[PDB]
Amino acid sequence: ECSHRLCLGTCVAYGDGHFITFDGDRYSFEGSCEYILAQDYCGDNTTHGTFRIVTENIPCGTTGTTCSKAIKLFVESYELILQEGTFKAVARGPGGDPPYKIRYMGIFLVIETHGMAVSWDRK
Amino acid sequence: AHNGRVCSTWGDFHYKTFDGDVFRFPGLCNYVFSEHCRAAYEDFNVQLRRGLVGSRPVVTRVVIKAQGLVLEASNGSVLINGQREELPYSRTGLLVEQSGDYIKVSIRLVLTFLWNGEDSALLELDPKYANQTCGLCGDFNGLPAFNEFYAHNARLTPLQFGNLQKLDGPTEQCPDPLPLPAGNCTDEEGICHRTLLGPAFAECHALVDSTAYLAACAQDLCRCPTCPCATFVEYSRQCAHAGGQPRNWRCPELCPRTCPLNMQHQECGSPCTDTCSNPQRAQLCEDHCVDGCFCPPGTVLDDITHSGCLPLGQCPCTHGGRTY
Ligand SMILES: *[C@@H]1O[C@H](CO)[C@@H](O)[C@H](O)[C@H]1NC(C)=O
Ligand SMILES: *[C@@H]1O[C@H](CO)[C@@H](O)[C@H](O)[C@H]1NC(C)=O
Ligand SMILES: *[C@@H]1O[C@H](CO)[C@@H](O)[C@H](O)[C@H]1NC(C)=O
Ligand SMILES: [Ca+2]
């Protein structure tokens with residue numbers, strides 16, 4: 001008999017391109033361009049969706065095998081680029097308070113949006 | 001936006017540094033157009049060679065060295081690490097394309113190099129390269145008028161400045177351009193003033209000063225009279241890069257452009273052309289105005305069979321490489 005608390009779905013995008021999607025499927029994909037790791041911007045209406053996450057493989061000292069990533073955490077009209085070891089902010093739209101929060105969780109940058117928490121190992 | 005992280009080279013040997021300077025330099029050898037030279041380990045080394053096509057000033061060869069990658073663009077061809085490659089060529093962090101009218105080499109987190117193929121060439125650099133670069137594009141310290149032209153506390157002329165950033169071949173001894181005598185012509189008909197100060201670049205007057213561009217337009221008028229629109233094109237690029245919205249200035253007489261049947265030639269069109277393979281790419285883009293061919297609103301591009309811009313509900317689908 002288990003408590004009936006809901007549990008957060010988990011996607012994992014790591015390594016040379018291994019992905020473990022939300023539904024538990026596993027596969028490997030070696031992509032070099034920018035790839036939508038997630039979004040609500042897919043539906044009969046795209047505009048009732050909120051966020052969007054793109055990633056691509058940075059080489060950190062050459063143009064060869066991948067060495068790190070580059071994340072683009074869009075949240076509504078905000079934006080956060082995760083590269084090179086820390087974050088940025090290119091907020092362009094309406095300038096309200098952040099719909100996100102930023103934290104240094106161990107060896108991770110963790111960015112929350114009250115229902116959607118992204119953890120980046122910084123590499 | 002790309003406020004002061006841009007340098008450019010256009011028309012009759014006109015060089016614009018990161019911080020806003022403009023000067024003419026009629027060099028004709030290889031030059032260090034920009035280079036990471038105030039760091040323990042260099043990240044980029046982009047060089048230009050400027051030559052003559054009959055009489056037209058052109059760029060004949062670019063050699064971008066970055067992070068162990070060598071990229072030699074010349075003769076309408078691209079050499080990647082010594083091997084010819086067919087456009088577009090993409091790898092982790094690097095992509096080179098024939099996008100639009102140009103050849104664009106983007107080395108992600110390093111640089112963005114546009115090369116129109118004959119005369120123009122534009123560099124976008126990361127903000128982290130401030131104060132650590134040196135070359136015709138300047139130092140990227142943000143101060144235009146004070147720090148590019150002081151070689152050990154002495155002020156130089158643009159001829160001397162461009163001659164400092166010179167680099168001979170292993171077996172080549174290229175001379176220096178002797179100073180051009182006085183000019184003539186100026187803007188007698190007023191075309192440069194009428195266009196540049198006209199309606200199109202109105203808000204561009206609020207971001208980029210046109211004085212040097214007016215002078216360059218007049219100087220190009222002194223040259224051939226089918227080649228005065230290079231300065232207007234460059235001003236459009238710069239105004240778009242600062243953030244402002246350039247407006248269409250081209251008229252069937254002012255260097256007319258042509259595009260395919262369903263594609264219109266626009267100044268300041270959205271860079272991410274929606275195409276029913278990804279018909280909503282242009283939703284949350286971040287990139288300023290870009291010139292080129294575009295589609296009338298509503299009918300996204302058809303990149304699946306290249307039938308021009310097509311209505312959303314009449315363009316094919318793709319399954320496993322099969323067209324439907
Ligand atoms: C959502 O899409 C449907 C068609 O699928 C359309 O009829 C409706 O107006 C759209 N709603 C909004 C808010 O865009
Ligand atoms: C460019 O290369 C072609 C061969 O690919 C050659 O015929 C031509 O002379 C070269 N130069 C120009 C300006 O086309
Ligand atoms: C830029 O570099 C010069 C060279 O010595 C230095 O004096 C200056 O403090 C630097 N400024 C910035 C903002 O990097
Ligand atoms: Ca300076």
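Whose amide H sits under 5 Å from the amide H of A:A91, counting only residues 5 or more places off or on another chain, with H placed in the peptide plane?
A:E79
Along the charge dipole of chain B, which of B:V105, B:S120, B:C272 sits closest to the positive end, that is, farthest toward it, with unit charges on the beta carbon of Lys, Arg, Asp and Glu (+1, +1, -1, -1)?
B:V105
Could you give the nm distance between label points at B:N147 and B:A206, where each point is 7 Å from its Cα heading toward the beta carbon?
Result for the modelled spin labels: 2.9 nm.
Taking a ≥ b ≥ c as the square roots of the eigenvalues of the Cα gyration tensor of chain A, is the shape rounded (a/c under 1.5), prolate (a/b larger than b/c) or oblate? Working shown, then result.
Numbers: a/c = 1.42, a/b = 1.13, b/c = 1.26.
Rounded, because the longest to shortest axis ratio a/c is under 1.5.
Could you pull out every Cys in chain A that lacks a partner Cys with its beta carbon under 4.7 Å away?
Within chain A, the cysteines lacking a partner Cβ under 4.7 Å are A:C2, A:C7, A:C11, A:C33, A:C42.
Rounded to the nearest 20 Debye, what is the dipole magnitude of chain A about its Cα centre when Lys and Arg each give +1 and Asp and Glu each give -1 at the C-beta?
Working: 11 positive and 15 negative charges, 85 e Å.
Computed charge dipole of chain A: roughly 400 debye.
Shape verdict for region B:169-210, please, from the Cα gyration tensor: rounded (a/c under 1.5), prolate (a/b greater than b/c) or oblate. Working shown, then result.
Numbers: a/c = 4.68, a/b = 2.01, b/c = 2.33.
It comes out oblate by the Cα gyration axes.
Of the chymotrypsin sites (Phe, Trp or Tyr not before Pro) in region A:21-105, which ones lie in a loop per DSSP and count no more than 13 other C-beta atoms within 10 Å?
Numbers: sites: A:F22, A:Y27, A:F29, A:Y35, A:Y41, A:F51, A:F74, A:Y78, A:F87, A:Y100, A:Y104; in loops: A:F22, A:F29, A:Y41, A:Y78, A:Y100.
Hits after loop and neighbour filter: A:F22, A:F29.
For region B:9-66, give the magnitude of the charge dipole about the Cα centre (Cβ charges: +1 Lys/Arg, -1 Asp/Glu; no others), in debye to the nearest 20. Mind showing how you got there, number by number?
On the way: 8 positive and 6 negative charges, 60 e Å.
Value, rounded to 20: 280 debye.
How do B:103-113, B:187-197 rank on mean C-beta neighbours within 10 Å, highest first? List each step's numbers first, then the result.
Working: B:103-113: 21.2, B:187-197: 15.4.
Most protected by this proxy first, the peptides run B:103-113, B:187-197.
How far is the Cα center of region B:71-92 from the Cα center of region B:1-27, in Å?
25 Å
Can you pull the percent of Cα pairs in region B:32-80 with separation above 14 Å? Display every interim value, and only then the final one.
Working: 648 of 1176 pairs.
Cα-Cα pairs in region B:32-80 separated by more than 14 Å: 55 percent.
Just name one of A:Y35, A:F108, A:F74: the one whose Cα is farthest towards the positive end of the charge dipole of region A:28-123 (beta-carbon charges, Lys/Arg +1, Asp/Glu -1).
So the residue we want is A:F108.
What's the average, rounded to a whole number, of partner chain beta-carbon atoms within 10 Å of each residue's beta-carbon in B:85-93?
Numbers: counts 0, 0, 0, 0, 0, 3, 7, 14, 13.
Mean partner shielding for this stretch: 4.
With everything on Cα atoms, drop me the angle between helix B:229-242 and the longest principal axis of chain B, reported from 0 to 90° to the nearest 10.
Approximately 80 degrees, to the nearest ten.
One-quarter of the Cα convex hull surface for chain B, in nm²? Intermediate values should be presented prior to the final figure.
Working: hull surface 76.0 nm².
For the Cα atoms of chain B, the hull's average projected area reads 19.0 nm².
Give the residues of region B:274-288 whose amide nitrogen is closer than 15 Å to a point set 7 Å from the Cα of B:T305 in the direction of its Cβ.
B:276-277
Can you put A:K88, A:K69 in order, fewest other beta carbons within 10 Å first? Mind showing how you got there, number by number?
Values: A:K88 12, A:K69 18.
Least to most surrounded, the residues fall as A:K88, A:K69.
For B:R250, B:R155, what's the fewest-to-most ordering of other Cβ within 10 Å of each Cβ?
Working: B:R250 19, B:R155 10.
Taking fewest neighbouring Cβ atoms as first place, the list is B:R155, B:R250.
Given Cβ point charges of +1 (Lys, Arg) and -1 (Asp, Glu) and nothing else, what value in debye, to the nearest 20, does the dipole of region B:53-208 about its Cα centre take? Each step should come with its number before you reach the end.
Details: 11 positive and 18 negative charges, 90 e Å.
I would put it at about 440 debye.
In a shell of Cβ-Cβ distance under 15 Å around B:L214, excluding B:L214 itself, what net charge do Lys and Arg (+1) and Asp and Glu (-1) give? Mind dumping the intermediate values first?
Numbers: positive: B:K16, B:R24, B:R194; negative: B:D12, B:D187, B:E188, B:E189, B:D209, B:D220, B:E234.
Surrounding charge for B:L214 is -4.
Could you derive backbone 3J(HN,Hα) for region A:79-86 from the dihedral phi with the Karplus parameters 6.51, -1.76 and 1.60 (θ = phi - 60°), listing whole Hz in sequence and x where the residue is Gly or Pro?
After applying 6.51 cos²θ - 1.76 cosθ + 1.60, I find 5, 9, 9, 10, 8, 6, x, 9 Hz.
Could you compute the net charge surrounding B:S120? Neighbours are other residues with a C-beta less than 9 Å from the C-beta of B:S120; K and R count +1, D and E count -1. Display every interim value, and only then the final one.
Values: positive: B:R237; negative: B:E118, B:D119, B:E234.
Summing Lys and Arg as +1 and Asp and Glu as -1 gives -2.
Go through B:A215, B:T226, B:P175 and say which Cα lies farthest out towards the positive end of the charge dipole of region B:148-235; charges sit on Cβ, +1 for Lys and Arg, -1 for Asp and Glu.
B:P175
Given a cut-off of 17 Å, what percent of all Cα-Cα pairs of region B:145-287 lie beyond it? Don't jump to the answer; show the numbers that get you there.
Numbers: 7398 of 10153 pairs.
Tail of the P(r) past 17 Å holds 73 percent of the pairs.
Over the alpha-carbon set of the protein assembly as shown, work out the extent along each principal axis and list the three values in angstrom, largest first.
Principal-axis extents of the protein assembly as shown (Cα, largest first): 93, 52, 46 Å.
Over 27 Å between C-alpha atoms is what I'm after, so list which of B:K16/B:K166; A:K88/B:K166; A:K101/B:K104 land there. Present the calculation step by step, with values, prior to reporting the outcome.
Details: B:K16/B:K166 17 Å; A:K88/B:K166 37 Å; A:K101/B:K104 36 Å.
Checking Cα-Cα distances, A:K88/B:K166; A:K101/B:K104 exceed 27 Å.
For B:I103, list long-range residues whose amide hydrogen, built 1.01 Å from N in the peptide plane, is under 5 Å from its own amide hydrogen.
B:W115, B:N116, B:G117
Rounded to whole Å, give me the distance from the Cα center of region A:3-52 to that of region B:108-156.
Cα centroid to Cα centroid, the span is 40 Å.
If neighbour count is taken as other Cβ atoms inside 10 Å, put A:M105, A:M116 in order from fewest to most. Please report the intermediate quantities before stating the final value.
Details: A:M105 11, A:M116 18.
Final ranking by Cβ density, sparse to dense: A:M105, A:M116.
Sum up the charges of everything whose Cβ sits under 10 Å from the Cβ of B:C174, counting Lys and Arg as +1 and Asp and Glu as -1, but leave B:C174 out.
Working: positive: B:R49, B:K166; negative: B:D168, B:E172, B:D176.
Surrounding charge for B:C174 is -1.
Under a 5 Å amide H to amide H cut-off, with H placed in plane at 1.01 Å, what residues pair with B:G11 once short-range neighbours are removed?
B:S120
Read the figures in this text as sums done on the coordinates, not as results from a lab. In this analysis, Cβ positions are derived from the backbone assuming ideal geometry, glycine residues included, and neighbour counts consider all displayed protein chains.
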